[PDB]
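For reference, the structure discussed in these notes is given below.
First listed ligand is number 1; within each ligand, the first listed atom is number 1. Positions are given from 1, in the same order as the sequence printed here. Only this structure's heavy atoms are used, side chains among them; waters, hydrogens and symmetry mates stay out.
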Amino acid sequence: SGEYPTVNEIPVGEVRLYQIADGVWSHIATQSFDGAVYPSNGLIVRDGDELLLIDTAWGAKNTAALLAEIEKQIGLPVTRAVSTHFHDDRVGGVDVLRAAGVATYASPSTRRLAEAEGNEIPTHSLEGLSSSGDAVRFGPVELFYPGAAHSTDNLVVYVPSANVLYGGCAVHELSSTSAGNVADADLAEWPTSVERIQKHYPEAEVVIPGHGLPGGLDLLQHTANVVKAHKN
Ligand SMILES: C[C@H](OC(=O)c1ccc(CN2C(=O)c3ccccc3C2=O)cc1)c1cccc2c(-c3ccc(CN4CCOCC4)nc3)c(C(=O)O)[nH]c12
Ligand SMILES: [Zn+2]
Ligand SMILES: [Zn+2]
């Protein structure tokens, strides 16, 4: 009923959308992994009379449910998708997307890591993102590579028309007491990568984490704090 939807509010297999700004939505789904249930976020950005999708809904059936929810709530076709790193909460569902006619994209680093790990593989490579601080335009968003953080390949996404910063899994929600799933992370570089985000997007008004509730710019400093304390 209007609040940001939480893990116990979304059965695994259902997807909810949340309006962030004009022409910007998050998508929220839940998935089981190693015997626990987790929420995750992605982004939808209006691209004229089409939509750009950022990240899958963490699985094939969730991603099919995402497409159905978009058709119900928005009614514009998803034509392109970008996955922000190689983990299943970002690429799981890419095969569903591709068979639905969506062109799928990721950095070459993400594509290599996904292939090596046995995850679904986006079709098209996003060049121009291999050095920290790199940025490229992609429809109505800017893609930014901040450096290694949650993963070595993690990208962030900025929507300039709305000053929305989608941090993906490099950014944690304010209630987080832990650095999340850090198995592929660089804890030493992560604060430096967050500092790059902070420097590049000082006008961000909404910050969306990979998992959990959106907030403001404080999510960035909070993330650096949590990662440093985890390493400590
Ligand atoms: C889907 C994602 O898989 C992973 O990451 C992950 C990593 C490493 C392997 C390990 N491997 C390999 O090397 C390998 C090589 C070859 C073949 C197969 C594999 C393989 O399987 C698996 C999977 C995920 C699965 C399950 C959970 C998560 C979380 C998460 C989010 C939030 C919290 C709770 N907090 C509150 C909010 O703030 C942070 C703390 N806790 C965890 C977050 C995230 O943090 O983004 N990603 C998660
Ligand atoms: Zn991840
Ligand atoms: Zn994640």
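For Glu173, no nitrogen or oxygen atom sits less than 3.5 Å from a nitrogen or oxygen atom of ligand 1, counting backbone and side chain alike. The shortest N or O to N or O distance between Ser176 and ligand 1 is below 3.5 Å. Polar contact check, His87 against ligand 1: a nitrogen or oxygen pair lies under 3.5 Å apart.
Counting non-hydrogen atoms of other residues, nucleotides and ligands closer than 6.0 Å to CD of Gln221 gives a total above 12. Atom NZ of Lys61 has 12 or fewer heavy atoms from other residues, nucleotides or ligands within 6.0 Å.
For ligand 1, the atoms closer than 4.0 angstrom to any heavy atom of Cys169 are 46 (O). Close contacts between ligand 1 and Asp184 involve ligand atoms 7 (C), 8 (C) [criterion: under 4.0 Å to a heavy atom]. Within the listing of ligand 1, atoms 8 (C) sit less than 4.0 angstrom from a heavy atom of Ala183.
Around atom 48 (C) of ligand 1, the closest heavy atom drawn from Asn181, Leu213, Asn154, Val91 belongs to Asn181. Proximity annotation for atom 1 (C) of ligand 1: of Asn41, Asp89, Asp34, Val226, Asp89 comes nearest, heavy atoms only. For the residues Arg90, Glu117, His211, the heavy atom positioned nearest atom 21 (O) of ligand 1 is part of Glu117.
In this structure, atom 41 (N) of ligand 1 lies nearest to the protein heavy atom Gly180 CA, 3.7 Å. With respect to atom 39 (C) of ligand 1, the closest heavy atom belonging to the protein is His172 ND1, 2.8 Å. Considering only non-hydrogen protein atoms, atom 23 (C) of ligand 1 sits nearest to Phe33 CZ, 3.6 Å.
When ring centroids are compared, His200 and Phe144 come within the 6.0 Å threshold. Checked against the 6.0 Å centroid threshold, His150 and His172 do not count as a close aromatic pair.
Proximity of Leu187 to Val182: side-chain heavy atoms (C-beta onward) are separated by under 4.5 Å at one or more points.
The Zn ion (ligand 2) is the vertex of the angle joining ND1 of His87 and NE2 of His150, which measures 110° to the nearest 10°. With the Zn ion (ligand 3) as vertex, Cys169 SG and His211 NE2 subtend 100°, rounded to 10°.
Looking at every heavy atom in both residues, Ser83 comes nearest to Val94 through OG-CG2, 3.9 Å. Closest approach of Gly48 and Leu76 over heavy atoms only: O-CD1, 4.3 Å.
Look at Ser178 and you'll find a heavy atom under 4.0 Å from some atom of ligand 1.
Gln31 contributes atom CD, which lies 12.0 Å from atom CD1 of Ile10 (distance to the nearest 0.5 angstrom). In this structure, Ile20 CD1 and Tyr4 OH are separated by 5.5 Å, a value rounded to the nearest 0.5 Å.
A salt bridge is absent between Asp153 and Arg112: the closest approach of a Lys/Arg side-chain nitrogen to an acidic carboxylate oxygen does not fall below 4.0 angstrom.
Within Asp89, the N, O or S atom lying nearest to the Zn ion (ligand 3) carries the name OD2.
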